[PDB]
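Beneath this line is the structure, given in structure tokens, with notes to follow.
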Amino acid sequence: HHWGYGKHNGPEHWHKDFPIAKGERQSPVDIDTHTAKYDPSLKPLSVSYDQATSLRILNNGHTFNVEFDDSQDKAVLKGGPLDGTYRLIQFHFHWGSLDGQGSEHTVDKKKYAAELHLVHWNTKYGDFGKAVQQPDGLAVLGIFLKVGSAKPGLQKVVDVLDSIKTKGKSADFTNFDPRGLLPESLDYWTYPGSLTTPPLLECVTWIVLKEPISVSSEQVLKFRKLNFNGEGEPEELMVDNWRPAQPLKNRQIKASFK
Ligand SMILES: [Hg+2]
Ligand SMILES: [Zn+2]
């Protein structure tokens with residue numbers, strides 16, 4: 001029926017229902033580190049997550065989202081290549097069936113085990129819905145995950161996945177601190193792009209962190225136990241929910257470091 005990541009409804013078919021899939025600023029893209037332009041005018045990133053208020057976690061059929069209360073400036077992002085304040089609304093992951101694939105963005109063609117997306121919207125627009133109608137309405141912070149040592153801050157998420165195994169399930173998920181998922185450095189690459197899932201809107205200013213965070217094999221294995229299907233339907237493991245790199249076209253990737 002509708003979109004997914006299968007052979008019959010995967011990324012290569014999306015253009016039929018969403019023509020913008022073939023647009024001019026689609027994501028993700030491969031980050032060529034030797035062609036990326038170091039820009040000295042880029043400001044440091046400012047991440048203020050101390051007053052964050054997580055609310056719920058849900059399995060939407062294509063991934064699982066952890067939602068936040070965005071009714072006030074509680075968890076915001078500013079600085080870097082951004083003008084204005086951006087509010088955190090939710091975060092989700094993309095992962096593979098094996099450790100050698102899973103990330104959407106790649107660095108010099110290298111694929112990571114998973115990629116975390118922290119989604120924020122420009123407050124000047126009032127709400128998320130109005131933000132997705134503007135070229136600068138969203139800011140997404142992307143973080144690569146590699147397999148190695150366990151990430152303590154990620155365990156609370158891993159432990160709740162059992163309760164939201166199938167499509168449609170949700171669970172209260174309060175008091176989660178996002179700061180536990182940030183790498184040590186905030187050096188980044190930035191370029192103008194889009195959401196990586198339908199409707200594939202081109203409203204995103206991407207901020208991809210250079211430093212990946214490490215998670216254990218046992219932790220990523222938990223992600224692989226989720227289901228695409230709803231309860232009672234035949235089981236389809238939620239794996240490889242990532243979109244392949246898209247043509248950079250008329251865009252330049254800028255680096256905050258050299
Ligand atoms: Hg837009
Ligand atoms: Zn995403």
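All ligand and atom numbering here is 1-based and tracks the order in the structure. For reference, positions follow the sequence shown, starting with 1.
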N/O donor-acceptor pair under 3.5 Å between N65 side chain and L58 backbone: no
Mutual orientation of the aromatic rings belonging to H8 and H13 [parallel < 30°, tilted 30-60°, perpendicular > 60°]: tilted
OG on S194 to CG on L138, rounded to 0.5 Å: 10.5 Å
Atom of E104, atom of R243 and distance for their closest heavy-atom approach: OE2-N, 2.9 Å
Polar protein atoms near the Zn ion (ligand 2) [N, O or S; cut-off under 2.8 Å]: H92 NE2, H94 NE2, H117 ND1
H120 ring center within less than 6.0 Å of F128 ring center: no
Pair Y86-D136, side chain to side chain donor-acceptor pair (under 3.5 Å): steps then yes or no: CA-CA 10 Å; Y86 286 75; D136 62 344; 4.8 Å; no
